[PDB]
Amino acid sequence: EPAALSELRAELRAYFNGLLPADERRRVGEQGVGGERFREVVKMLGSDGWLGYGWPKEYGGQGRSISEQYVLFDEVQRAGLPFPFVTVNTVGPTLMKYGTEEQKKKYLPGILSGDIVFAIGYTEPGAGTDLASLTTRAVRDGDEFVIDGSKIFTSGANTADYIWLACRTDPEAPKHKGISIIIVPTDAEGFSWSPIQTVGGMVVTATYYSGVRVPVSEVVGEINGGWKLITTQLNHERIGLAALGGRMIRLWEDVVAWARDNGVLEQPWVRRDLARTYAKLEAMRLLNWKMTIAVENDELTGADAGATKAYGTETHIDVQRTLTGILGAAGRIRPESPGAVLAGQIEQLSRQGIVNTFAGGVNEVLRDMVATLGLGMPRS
């Protein structure tokens, strides 16, 4: 049984080795969904059958277990390769739930085959944490919707084929009840994007929708019922943060080995910091495991999801800070500069970890929800 996961691990290394080279892995891994070779990788993974590894076989996947799924995510990160998490683990599973039979047929096979990639269109300049205040509008013209607005920080929009777009369809309804999810092709007339470079090395985008026209059948779920879809895909957007923690565990191990071999491990302060981050990483990985079980079971509570995501993302930053200190003078050297340790990964991840305490749910709001949903505290 655990021999099987070991064997899966060893197979996936051979496989990724036959794809990656050297620095290229850490180059496509830094760019993420916005990078040039992203689609090249996705299509390779897809035709080789790895994208549907965890999908139900009803929808063409292998139906493999959570343990096996995590080995896959851990090994793709280790290889440096980008994986289409959002498209395969966030959009597909919400489509399998709320999609028409027609919608599933158009999108799921191409997702599976690595031919269709999605980008998430939620955030606006005026509607970030308060996403339910979004104003991008979609108005009925006949059996078409006419979409006018813009979004910001649309990761992968430059490399995606479709936007999963949250729009205001009923301007008079309660804000949570006026929203629909609409799929917009990135070749649509009136669609455009512009790059945004992040301190962490990623390029995301702003996207613009000027008179974009989409058939009404491209609404996922019910019109004005888009909020339950948004939440469904946001919850599935934690299986990625679990794999992210997996990556920090690996880097912690690599730092232990590095410090062992140059004597940094003989410093009491280093040993103590490795002990404290070990203990916090142990809690994170165990909480992540429980919560993945819940989410794939449709039993995760809002309190637990919020507590686990806020704890895990703050722990990634704590570990990044702490391992950087242990690295000493090399802790400040960027990837690809001489003297970098572990290819500068912890230096670059420190500049990215700051994102995830406010992306995928804002940790302040998650703590509010822990109190109200988890402990019954009154609001207002």
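Numbering starts at 1 and runs along the sequence shown.
- Stretches 198 to 206 and 238 to 246 differ in mean CA B factor, with 238 to 246 having the higher one.
- For the segment pair 314 to 322 and 65 to 73, the entry gives 65 to 73 the higher mean B-factor, averaged over Cα atoms.
- Comparing C-alpha B-factors across 172, 124, 261, 253 in the deposited entry, the largest value falls on 172.
- Taking the deposited Cα B-factors for 344, 338, 32, 328, the highest one is held by 32.
- Per the deposited record, the Cα B-factor of residue 278 falls in the lowest third when ranked against the other modelled residues of its chain.
- Residue 44: CA B factor in the highest third of modelled residues in this chain (values from the PDB entry).
- When the modelled residues of the chain are ordered by their C-alpha B factor, residue 9 lands in the middle third.
- The deposited CA B-factor of residue 167 belongs to the middle third of values across its chain.
- Per the deposited record, the Cα B-factor of residue 148 falls in the middle third when ranked against the other modelled residues of its chain.
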